[PDB]
Structures are given as structure tokens and as C-alpha cells.
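Descriptive structure summary
Listed below, chain by chain, are the residues.
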Amino acid sequence: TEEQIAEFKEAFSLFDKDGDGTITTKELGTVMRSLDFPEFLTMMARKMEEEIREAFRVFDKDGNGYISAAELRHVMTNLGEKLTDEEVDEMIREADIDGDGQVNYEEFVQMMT
Amino acid sequence: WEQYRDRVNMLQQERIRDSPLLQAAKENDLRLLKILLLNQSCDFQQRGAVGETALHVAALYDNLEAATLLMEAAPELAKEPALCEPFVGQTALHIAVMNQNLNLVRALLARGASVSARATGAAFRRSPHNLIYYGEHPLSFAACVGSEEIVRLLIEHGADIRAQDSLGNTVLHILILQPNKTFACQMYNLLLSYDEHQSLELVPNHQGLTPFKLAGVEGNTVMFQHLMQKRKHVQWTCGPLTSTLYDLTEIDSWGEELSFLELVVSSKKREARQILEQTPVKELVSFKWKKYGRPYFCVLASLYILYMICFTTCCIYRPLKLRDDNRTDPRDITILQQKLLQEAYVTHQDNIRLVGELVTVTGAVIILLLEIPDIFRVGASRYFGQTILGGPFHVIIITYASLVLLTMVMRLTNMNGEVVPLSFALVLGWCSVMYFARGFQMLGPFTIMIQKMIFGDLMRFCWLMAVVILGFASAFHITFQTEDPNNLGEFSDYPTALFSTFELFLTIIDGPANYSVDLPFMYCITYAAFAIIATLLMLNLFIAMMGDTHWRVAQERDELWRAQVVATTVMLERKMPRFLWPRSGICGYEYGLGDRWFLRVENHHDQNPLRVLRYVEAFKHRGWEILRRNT
Amino acid sequence: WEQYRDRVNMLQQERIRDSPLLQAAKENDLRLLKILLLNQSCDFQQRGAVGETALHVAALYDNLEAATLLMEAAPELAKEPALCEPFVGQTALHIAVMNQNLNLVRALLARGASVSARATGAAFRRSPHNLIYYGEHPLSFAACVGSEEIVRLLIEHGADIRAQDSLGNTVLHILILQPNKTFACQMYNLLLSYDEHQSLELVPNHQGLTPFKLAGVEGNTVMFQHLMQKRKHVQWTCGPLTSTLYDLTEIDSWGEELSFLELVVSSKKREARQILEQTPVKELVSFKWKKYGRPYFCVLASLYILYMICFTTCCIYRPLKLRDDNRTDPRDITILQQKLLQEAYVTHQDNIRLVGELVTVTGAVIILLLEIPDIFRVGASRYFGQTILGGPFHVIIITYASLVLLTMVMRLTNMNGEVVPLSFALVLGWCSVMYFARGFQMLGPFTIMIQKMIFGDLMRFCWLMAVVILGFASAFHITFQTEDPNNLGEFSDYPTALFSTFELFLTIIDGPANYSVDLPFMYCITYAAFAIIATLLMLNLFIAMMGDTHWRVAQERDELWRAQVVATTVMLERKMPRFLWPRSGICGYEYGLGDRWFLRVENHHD
Ligand SMILES: [Ca+2]
Ligand SMILES: [Ca+2]
Ligand SMILES: [Ca+2]
């Protein structure tokens, strides 16, 4: 849930252009040509494992809901197997589907299953 | 300590075994509770050795029906706090919040227990003995539990936001002191909305810490950027790129003595070094470095090394004198002796050496006159603690300056043996140069790698080496006791035997042999045993143990090098005078914004369609296998 | 610069804050805007005070209704670019193209704003200060934003595809200079279809670069092979396999001065080394090196070795003489002397020594006559930095040739001290061979590994070495300046002391001691401290860091060597004459195709 609303937090920030905390039709209109947050949280609420949730929480160091490459390398060095840094980026290229340089819970669970 | 805690917990369990009223309240035996309530002559002010109500037990155990029967029996126990030594002010409202049952809180409020009850227990303390700290107030507990409707009812029935504790704990401060949650940050922004009014954010604690500075030294960067959200002001969008400006007012604190930035970089906690990477501060301090700090640092290094070579050429022409006496002895080698001080200054060249010496001693004293108030201000354990501060550099230069100040007086006393502290200062002056290796990108991470390394495993090697070479040197001195020294060498007595073995380990000296002269029996066996056990066994193993650790730390070293440069920057920018530096920022008073300085910055972003498509539509391989195995 | 840019941007925000007409425009307070439009005294020629217009403001803030209300009273501002200094040709058409509002663009064209109005501002420039480069004409903006219907409308209302820019750029060029999208390939094929017809691909830039060569130097390899697909000709399939062919006409450009291949291999951008992995050029360079280049390189290196050994044996038998004078001095051994030139040239042995010396100098002069005009063609700073081209190997050989020229002049003037430049040029000519060590497969990547490594962290070891030995050598000279030099040695004066410490740091010379005589008290402590701090401490760290660096660059050095061998190939095919180099290709004029060379290739599919 907390990583889930972390997805909608940055999403709402992507909708909110002026950053006033609302989404107007003009902000919605600029989206269509390219094709509140509790209001946005309530609206997306009707639209929507334990160990995996436990696995992600020890992995994401800052708890932003998004594992970076340096967090992964720090885990990979904590794993104890030697790897260079280029294939770690390929691991991000393997998992980051929408291309934000990040992985959420949903990109993580499609990788594990 | 915790043993006493377990003892008093066990005594609490003894007393809950004791009182059958209390034990039935624990067990919620409501028929027998009706029986005991039908008993009128029984006391209902029964209280454990720790000191409670039965309402406390039922609130611990969610026995709200018995709690209602107690409240018809004695409602005044709702207003009774605890009386124990770890639990000195604890009331049942706090247990009600920590067990978060709304209707039991409703029933406690039906009798009307005081919201402003202060439960300041000894277990209610930010301590490493304590597990989880939240502060005192019921507002703090309702905030950290995340239940709005409870703290809704609290705001409805009093429960003022402006409240402090010991160490100045306000609700914002303990919202910072938390395993970081945007879940909790919604409650933070919620309570900020329930701020209905001077500015509440401007409160310091007993330590004098604003929650801005508390979050900065804590480095909860999600909370930090949410704190930064209202600090923004956008200016314009332009297709795929957008400009904005930040307010750098609270981030500078130049008017204060305690700067925000030094408060960040001086911390015991590690992850505060991550908050250097924030999008307001990073380019700011980088700009302030690359305009200012690098030329001043380079020219200071140049003047310093010029001082050091002038000191060196002062150290060259020490005044000597012919040794008058006779050695009268083989194995006796001297030529010179110390020239007297009145005998010293006799030539024009003596005047040259004297005026060279004066520069060295005045540099030595002005280093002291720089560094002294640094020690009085900051804690020396902190000052000598971090490599980020460059602690041992300060240690070795202050010992350098102390030794040269000593040996000038030792010259003035005409005391012999000045060559030893002279050479001490001489070898320390060139070890002093490594502080300036930080300034180069091509050189900086290397020296903090080696500084990390020398603490690491050198000591581990040293003790083992010392004991094995102690035993082995004694072993060779005993067998070399029986043979003439004029053909063996190195083994007259046990100190030269020890130091000879110390040379002999590192292969610096070739092994001793005379191919004419005969040789004792067991020396072959022992020497070969030493050769296999020492010259390649742990010496070569030290290489691989070195290499693995270097490989592991080589990730972190670059982060640490990026960290240390801004500490150097803020140090020199605190200590240098203001005449060289206009204060950075954007004078909005010129632009009618008024007395607040800003920073404009833009960015070009990508436009990934896939992140937009599903949300607007709703609006309508080696490491991967092992990671699966680790789960 | 950037600071000036942000300052004038903030001043622009001040001026947009100033006038309430423009402020209500950017706020879109259309009730008050009706009052302002009802006001006759409200001047509508009022422009933005730092070089913009009100329609530019409404285009920025997308307030198209306010723009419509503006266009009746002043439609002429729709045709007006304003006079800001970085923004000198900018019209609202560019902003409307950028923000993809087709109704706004259509309303601007309803007023008839000229598409051929071109915008070349100071910020409108390829710059490291500029974050985004999008070209000059509005067609470039429509292309890079990728709006199909807008650029369709521009075609419908003008907007010539042949568009010439500052720096000679065209739409193709800015499509190449782009962060890559598959959508850009579709836009490219679209405008290629909407081209009517010489051909438009034939035009170069102002620098003289075709978009084929621009795509080659920039390595957008999807766009590259997709552009190759139009020239791809398949011949026949059968079973699992497929025979096809390529027209290698534009890829050679042997008739041109600057070939495609020397253009690609000489570039400061890295990713272009990837583009040689495309199939036809890979087969071409493989065939071309395998047929000729390796034997020519072997025989050239063999003749160079044969030159060097004759130079060496020339350097052996220098003419010498007994020392004439008496030394009158212990610690003085100098028994030899130079000969005179009249004294030298006396024997048949001197005659054969002289003809060997003649061989050396006539091999010396041809190096200059070979490579000196090559240096003027390219930038010398560009020439020396390219390790693929062997610039640092060119550094050694010119100094070699200069010194071997100089030493004969030193001889002919009867000047002494020729042994020192001879000693220099000797070891320089011997280390010169590592350029020719490239050609073997087993030998190849190793030398560019060590060439990377000597620039890599050797200085990091060296500077620390210098300062630590500058400490300890002075310490040792102070602690040995009192006693008999006849027994101690190495520490008479400071310059022999520092060199002694340099010899004894590296463990080459054993530690100094005499166990007959006595030794001072401090030196034990100081020397032990030096031994622990220097010998085993960070020498081992050099080993560990060395191993980690080799471990990381172990992937990349082979990728470098593959480019290095074809760089060598195109160099040697440049400088050798053409009768040794027949045409690689298939003369289709034999087969009635006419004046073109092709390449047939096949495989089965996977
Ligand atoms: Ca909005
Ligand atoms: Ca993260
Ligand atoms: Ca992602």
C-alpha cells in the first residue's frame, strides 16, 4: 500500500504542472495532446506476497519505493559475488519497463514470478 | 538495567496472579466479574505492586465490557495515572491509543479522562535500552499509530499542537524520528493543515533544533523533499522542459552561528551524507566550489609547500663543530659535535640561516594561532573522530608544530640530542602534505582508500608478526650464542638479533652465510622452516586478503570523497574573511521579491508515454536466479 | 553566459509582472480582458519589454481563448517576431508547434502567419550551454516534436522540404542529431515519402557532410541500417537460406577525398566504434584485411627490425681512443677519449662502419619525408590524443629521428657529449617497436592494456612516492651527517642520499649495515619505520588496485583493438600506391549493371 501510494504520489506530481496540489482540465488538456491528491488517491483507489513485501523493504534502503542501481550494487556487494557496473545497468534495463531508471513493487513481482 | 526491568515485569505477573479481581479482569470472566461487582464490601481501588487500575489491565487486554463495568463502578480510575518507577505518569488513554480500539477510547472519553495527561515514564525515553520511542503525549501516540479518527477526536476535544517534552519533543520532531513513511507524511501534512494559525514551524527543542534542521541531520530525504514541496515556485513550462526557482533562505543560515551545512556534515549518523545529493543543494555547493574553493585551495597548497621547502633548507645547514676529543676505541665512529650558540652566529651565512629560521618558527606559531579556538568550540572526540574532518592530519601537524617549538628552546638551552626531534619534525613535515591530496579529483579517493586501509588489517598483521618474530629471534640468538661473532655477524646480543630478524623477514637483507667457514647443525633446519613459514606464507596471503578488501571498499570510497570536499568547502568558507566573497543567491529585493534570495534552475525531462497511458486510461542473468534463490 | 541568461530570464519575469495587460493575458482574466479590449486607450502595440509579444505570452500559457480575443484587434502581431537578444527570430508559431495545440496552429494559419519565417536566435544554437537543439525552421520543430498532422498542414500551406540552415543543416541532419526513437524512423520515412524527387539526400551540410556520413559519424545504428534497407537487394531464397547483396557504392567513396571509413574511425565520439559491427562493412574490412593487410604489415615490420639491428651495430663500433691526460686524482676513473673525425676515417673497418652509418642516416631522413605532410592535414592535438591511431607512438619516432639527425651534427662540429643523445635515441628506437606489435592477435590487446595503465594510476603512485621519499631521504642525510663516510656510504651529501633512498625503496639494494662497527641509536627506529610504512604497505595496495582495474577494463580493451586493426588497415591503404590495391567489389558493368560494385552475402535464418 505504501509503495502503491508512492506510485500515485509521483504520478500526481506528474499530472500537477504548476504544483499547486490540484489537477485542472488545462493540466489534463496538455496531457491529451501528448497522447487534489486525496481526490487523486480516492479516484485511483476504486481502480485498483508477504515475503516479497519483506524482500523489497530490506532492499529499498531509503524507503522511497524505488530501488536504484547504487542500492542494488550495495546489495550485490553485500551478496559477495563480483560484478562490474555495466551489467548492473543491464539489470535495470531488464526490469525497468516504463523506463524511469527505477523498479516498483509491480516491476519486481513480474520479475520474481 | 533490563534485568531490573524483567524483574519488575515478573513482579507485575506475580501481582496479576495475586488479586483475583485483577486476574478475572485479565481473563474477562464477566460472570465472575458480575459476582465481584455484586460484592459491595470488596475494595475496587485494588492496585498492583507496579501500580495500576484494572482498567489498565483491561485496556491492555481489550476487555472493554469489564472496562465499562469498572467505569460504572469507579469512573475516577479513568483519571488515575501509573505510579511505578519506569511507569510514573502512565494513564489508560495511552494504552487505549497503543491498542487503538476506537470504542474503548470513546468510552474513556465518555467519562472524560484528561487529554493533557502527561505520562513521562522512565521507559518512556529515547534510549538504546528502550525499543521504540515516540515522546510523551497521546497526540504523539495517535500520530505514530496513524489513526486519524482518534486524533480527529483529539483535535475536536482540545489536544493542542503546541506541546513540548523533555528534549523539546514536538509532534513534528517525533514525526521525523520514525522509520520513514509517506504514510506518516500524510499525517504530517494533515497536522500541518490542522495548524490553524506566529509560525508553528519555527520551534526549536531544548537542544535548539528546528524540525527543518532535525530532518536535515536525520536525512529522511523523502520527508525532506516533501518539506521542500512548498518551498518550490515554478516559473514556466516549455514543451519538454520547465524552469523553476527555489528559496534558499532557510538552507543558508549565514546569520546564525550554527550553519545548516556544517550541522549536516558533522553527524554521527552515516546516511546524512546522502542528503548532499539533493537537487537544491548539490549544484549550489558545486558552483560555490568551482568558482571559489579550488583556486584558493591550490594557492594555499603552493604557499604551504614553499613554507615546507624553506623549512627543509633551514634544516640542511645545521651548525656543526669538530669533535675535540679522541675516540680511543675501535667500533667507535664520530667526526662532529654540536657548535655552541655563541659560536654559531658568526658569518653572513649565519645571518642567512637565522632569517630563514625565523620564517619557520613564525609559521609554526601562526598555525597554533589558527587552530586553537577550533578545539575550544567543537568536541575533540568529534574533532579527532571523522576522516571527513581530517582529524589525524590536524593531530600530526599540531605535533609537528609542538616539536619544532620545543626544539628551538632546546637549541636555546644548548641541550644536545636535538637531531632526534629535528628529524621527527623533518619526517612529519612531508607527511603533512597528504591533507592537500584531497583537492584533486585524480588523487582524492586514493588517499582516503589508503587511510581506510591502514586502520583495517595492518594491525591484524602486526601482532602476529611481532609474536612470531619474537620467538624466532630468541631461537636464533640461543643457537648463535655458541659461535664466534667475527664470522656470523648480526647476532651479538638479543636486540641486534631481534632487529636482524626484523630485517630478515621482509627480504631486505640477504641471508647470512660463509662458504669458506663451517656452520652449526640445526641452523639449516630452523632457517628453512622460517623461510617456508614466513617469507611466503602469510606475506603472500596478506596480498589476497588485501585485494579482496580493496575490491569491497572501492565502491564506498568515491561516495566518501564526494562527501569530504564540501566539508572542506564549508570549513574554508567559514574561516576566510567575507571581503573575498559576495554571498551567493539572487537578490529578489532588486526584483521586488524582497529580502529573500532564490535559485533558478530548469530541467529537460523525457516524455515516457507508458506511464501516462495507463493512468489516463484509468481516468477514462546470473544475479537474477540467485536472487530468486535468496527468496 | 548562463548567469546572464538566468538574470535576463528573471528580468523577463519582472517585465511580465509589470504591465497589467500582459499580466491579465498570462492569467487569462477574460472578464478584465474584455474591459481592456473595450478600452481604446489600452495600446495594443505594447510588446513585452524585453523582446516578446502578447501573443507569445498567450502561446506560452496556452490561453487560446484570450489569443482569439487578441487576434481581432491586432492580427499583425501574429506575423511578428520580436526583438529579444537570445530570441531574435522567434514567433508564436514555434511555441504553438512545440505545445502541439493544433487548433491554435490552425488559428495562426487562419491569420496567415508565414511558415517560411525563420528563427535563428542566440539561444537557438548547438551549444553546451543549450540543453536542447531543435533546428531553425518550424519544420524542424514539427519534426522533432513529431506531430504528423501539423507538418502535413505545413506541407499543405508551404514549408519547403529543401530547407537550408545556419551551419547548413537540413531536416535530415537534425533528425540524426536526436535522442533516438523508433518514432523518428517513422517520421523520416514519412517525409521521405512526401519528398517529390537531383535527390534531396545528395546535399551535404555547410561543413560538407551528407546525412549518410552524418549518420555514420553519429552512430544511430537503427537509423543507419534502416537507411541501408533501401539499398539492400535480396536475390533468392531456398530452403532455410537467403542470398542477398548490397550496393557498396556510397560506403567506399574511394573517388572522394575524405572516405566514409576514415571519417568514422576518426571521431571523438565513442559509440561510432559500435557501428563497424554492422554486417556489410564488417565483411568488407574482414575480406580486405585478410587478403592483403597482414602480409604487408609483417614484411614492413620485418624491414624495420632489419633497419634497427643495423643501427644498433652502427652504434656498437663507435671510434674511440685512449685517454691522453693523467687523472692526478683518486675517485676518478676516465680511461677513454673520443677520436677526431680526421683520426676516425682511416680503416677498411672504418669504411664499413661509415657505410653502415650512411644506411642509418638515409633511413633516418625518410621518416620525416614520409610523415611530416600527414601532420598538417589533421589537427595535431587531434592527432596525438587518438590512441587508436597510435599518436603516442608517433610522438617517440619523431624525437628519435630528430636526435639521430642531431648527433651527426654534433659529430661534425667535433662536439663532445654525443653519448648522451645516442643513449636517448637508442632506447627510444628500441621501444618504438610496440606500434608494430599491434598486428598479432595474441599480442594486440596486451599493449593497449599497458598503454592505458601507464596513463591510468601511475602518477597516483608517483607523486606520493616523491613526497614520501623527500621526507625520508632528508631524514637519513640529517642522521648520517656526523660520522665517517668511509664506513657508512650513500649519505655523503643530499643528492647521493636521495638516490640511495630511491635505490633502496624498491628493495633492489640490500639495507645498509656494518656489524663490525657501531651504529647510531635513532637509525634503527627510523629505518624500521620506513620499512613498515613503505615496503609492504602500499606497494601491495598498488597490486590490488592494479588487479581491480585490469578486471574492469578486461571487457573493453578487445573492443578497442578491433577498431585499432581497421584503423591501421585504412591508414596503410591510404598511403600505399593503388596498383598494389585492386578494386574490392563486383564490377556490374561486366554484368550490365553499370559502374557499380556490389557484395553478395548469404546465410540461413535462425
Ligand atoms: Ca493544478
Ligand atoms: Ca531508493
Ligand atoms: Ca520502473
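Residues numbered from 1 in each chain as written, not as in the entry; some residues may be left out. Chains lettered and ligands numbered in written order. Part of a larger assembly, values for the part shown. Heavy atoms only, no water.

Judging from the entry metadata, cryo-EM is the method by which this structure was determined, and 4.4 Å is the reported resolution.

As for the overall build of chain B
A tally of helices and strands in chain B yields 29 helices and five strands. The C-alpha extent of chain B, read off along each of the three principal axes, is 115 × 75 × 65 Å. Taken over 631 residues, chain B has a buried fraction of 39%. (Helix = DSSP H or I, 4+ residues; strand = E, 2+ residues; numbered from the N terminus. Buried < 20%, exposed > 50% of the residue type's maximum accessible area, 1.4 Å probe, protein only.)

Remarks on the overall build of chain C
Broken down by element type, chain C carries 29 helices and five strands. Computed over the C-alpha atoms, the radius of gyration of chain C is 37 Å, more than 25% above the 25 Å expected from 2.2 N^0.38 for a compact globule of 606 residues. Dimensions along the principal axes, computed over C-alpha positions, put chain C at roughly 115 × 75 × 55 Å. By the burial criterion, 38% of the 606 residues in chain C qualify as buried. Total accessible area computed for chain C in this model is approximately 35300 Å², and 63% of it derives from carbon and sulfur atoms. (Rg over C-alpha atoms; globule rule 2.2 N^0.38 Å. Areas by Shrake-Rupley, 256 points an atom, 1.4 Å probe, with all protein chains shown as cover.)

Some points on the coordination of the calcium ion (ligand 1)
Residue and element names in this part refer to chain A. Each protein donor to the calcium ion (ligand 1) is listed here as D16 (OD), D18 (OD), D20 (OD), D20 (OD), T22 (O), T22 (OG1), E27 (OE) and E27 (OE); together their distances run 2.3 to 3.1 Å. The buried category is assigned to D16, whose relative accessible area is 9%. Residue classification places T22 among the partly exposed positions, given a relative accessible area of 30%. (Donors = N, O, S within 2.8 Å, 3.2 Å for Na, K, Ca; no water.)

Let's talk about the sheet that holds strand β1 (residues 232–238) of chain B
All names here are of chain B. If you walk across this open sheet you meet the three strands as β1-β2-β5, and the pairing is antiparallel. Looking at the sheet topology across the chains shown, the edges are occupied by β1 and β5 (598–604). Averaged over neighbouring strand pairs, the angle between their axes works out to 20° when direction is ignored. Summarising the sheet, strand β2 (residues 241–247) and β5 pair through seven bridges and their orientation is antiparallel. Residue pairing for β5: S243 is matched across the bridge by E602. (Pairing = 2+ DSSP bridges. Axes fitted to C-alpha atoms, helices over the stretch in contact; angles between N-to-C directions.)

Considering the sheet that holds strand β2 (residues 241–247) of chain C
The pairing of strands in a sheet happens through backbone hydrogen bonds and is either parallel or antiparallel. Residue and element names in this part refer to chain C. Taken together, the three strands give an open sheet; going across it, the order is β1-β2-β5, and neighbouring strands pair in antiparallel fashion. In this open sheet, the two strands that pair with only one neighbour each are β1 (232–238) and β5 (598–604). Pairs of neighbouring strands in the sheet enclose a mean axial angle of 20°, with direction left out of account. Note that β1 and β2 share six bridges and pair antiparallel. In the strand pairing of β2, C238 is matched with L241.

Observations regarding the environment of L593 of chain B
Counting through the fold element by element, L593 of chain B comes out in the loop between α27 (556–575) and β5. Relative accessible area serves as the criterion here: at 26%, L593 of chain B is assigned to the partly exposed category. Once you skip the residues sitting within four places of it in the chain, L593 of chain B turns out to touch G588 and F598 of chain B together with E14 and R17 of chain C. (Contact = heavy atoms within 4.5 Å.)

As for helix α5 (residues 64–73) of chain B
All names here are of chain B. Along α5, the residues that are buried comprise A66, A67, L70 and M71. Buried residues of α5, viewed axially, fall in a sector of 145°; they line one side. If you follow the buried residues of α5, they end up packed against α3 (30–38), α4 (54–61) and α7 (102–111). (Arc of directions from axis to C-beta.)

Comments concerning the side chain of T568 of chain C
All names here are of chain C. Within the secondary structure, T568 sits in helix α29 (residues 556–575). In this structure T568 comes out as buried when scored by relative accessible area, which is 8%. Within the structure, the side chain of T568 is placed 2.9 Å from the backbone oxygen of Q564, a separation counted as a polar contact. When neighbours within four sequence positions are excluded, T568 is seen to be in contact with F297 and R438. (Polar contact = N/O pair within 3.5 Å; in protein donor to acceptor, adjacent residues only side chain to side chain.)

Some details on the nonpolar core
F505 of chain B together with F476 and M538 of chain C are the most contacted members of the largest nonpolar core, which totals 42 residues. Mapped by element, the contributors of at least two residues to this core are α22 (444–456), α23 (458–480), α25 (494–505) and α26 (523–553) of chain B together with α24 (458–479), α26 (494–505), α27 (521–535) and α28 (539–553) of chain C. Per element, the largest residue contribution to this core is six residues, and it comes from α23 of chain B. In this structure, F505 of chain B is in contact with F461, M465, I469, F530, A534, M538 and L539 of chain B, ignoring residues within four places of it in sequence. Grouped together as the second largest cluster of nonpolar side chains are 35 residues, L154, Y188, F212 and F224 of chain B included. (Core = buried A, V, L, I, M, F, W, Y, C linked by side-chain atoms within 4.5 Å.)

Section: the coordination of the calcium ion (ligand 2)
In the first shell of the calcium ion (ligand 2), the protein supplies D60 of chain A (OD), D62 of chain A (OD), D62 of chain A (OD), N64 of chain A (OD1), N64 of chain A (ND2), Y66 of chain A (O), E71 of chain A (OE) and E71 of chain A (OE), at 2.3 to 2.9 Å from the metal. Among the residues examined, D60 of chain A registers a relative accessible area of 4% and is labelled buried.

As for the interface of chain C and chain A
With seven residues of chain C at the interface, the matching set in chain A holds ten residues. Interface area, chain C with chain A, both sides summed: about 690 Å², of which 42% is carbon and sulfur. Together, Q100, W551 and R552 of chain C form the three largest contributors to the area buried by chain C at its contact with chain A, with a combined 61%. Linking chain C with chain A are two salt bridges. Among the ionic pairs, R552 of chain C bridges to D85 of chain A, the shortest N-O distance being 3.8 Å. At the boundary of chain C with chain A, the tally comes to one residue pair in polar contact. Of the residues belonging to the side of chain C that touches chain A, the class tally is two nonpolar, three polar and two charged. (Buried area = accessible area lost by both parts, 1.4 Å probe. Salt bridge = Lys/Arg side-chain N within 4 Å of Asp/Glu carboxyl O. Nonpolar A, V, L, I, M, F, W, Y, C, P; charged D, E, K, R; others polar.)

A few points about the packing of helix α8 (residues 138–145) of chain C against helix α9 (residues 148–156) of chain C
Residues and elements named next belong to chain C. In the contact formed by α8 and α9, the axes pass within 8 Å of each other and the chain directions differ by 155°. Taken together, the axes of α8 and α9 are roughly antiparallel relative to one another. Between α8 and α9 lies a crossing of left-handed hand. Of the residues in α9, those touching α8 at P138, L139 and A142 are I150, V151 and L154. Grouping the amino acids of the contact of α8 with α9 by side-chain chemistry returns six nonpolar, no polar and no charged. (Parallel < 35°, antiparallel > 145°, perpendicular 65-115°, else oblique. Left-handed = near helix turned anticlockwise from the far one by under 90°.)

So, the UniProt feature "transmembrane region" in chain B
Residue and element names in this part refer to chain B. Per the UniProt annotation, the sites labelled "transmembrane region" are residues 296–316, 354–376, 388–410, 417–437, 461–481 and 525–545. End-to-end, the C-alpha atoms of residues 388–410 are 36 Å apart, and along that stretch the chain is 87% helix and 0% strand. Split by type, residues 461–481 is 95% helix and 0% strand. Its first and last C-alpha atoms lie 30 Å apart. (UniProt positions renumbered as here; feature names shortened; annotations may be inferred.)

Some details on the interface of chain C and chain B
Taken residue by residue, the interface counts 53 residues in chain C and 57 residues in chain B. For the pair chain C and chain B, the interface holds one salt bridge. A salt bridge links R600 of chain B to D6 of chain C; the nearest nitrogen and oxygen atoms lie 2.4 Å apart. Scanning the region where chain C abuts chain B turns up eight residue pairs in polar contact. Elements supplying a minimum of two residues to the side of chain C that touches chain B: α1 (2–18), α24, α25 (485–488), α27 and α28 of chain C. In the side of chain C that touches chain B, the residues fall into 30 nonpolar, twelve polar and eleven charged.

Some remarks on the environment of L306 of chain C
As for its placement among the helices and strands, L306 of chain C is situated in helix α17 (residues 279–316). C-alpha separation for the pair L306 of chain C and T334 of chain C, spaced 28 residues apart in sequence, amounts to 34 Å.

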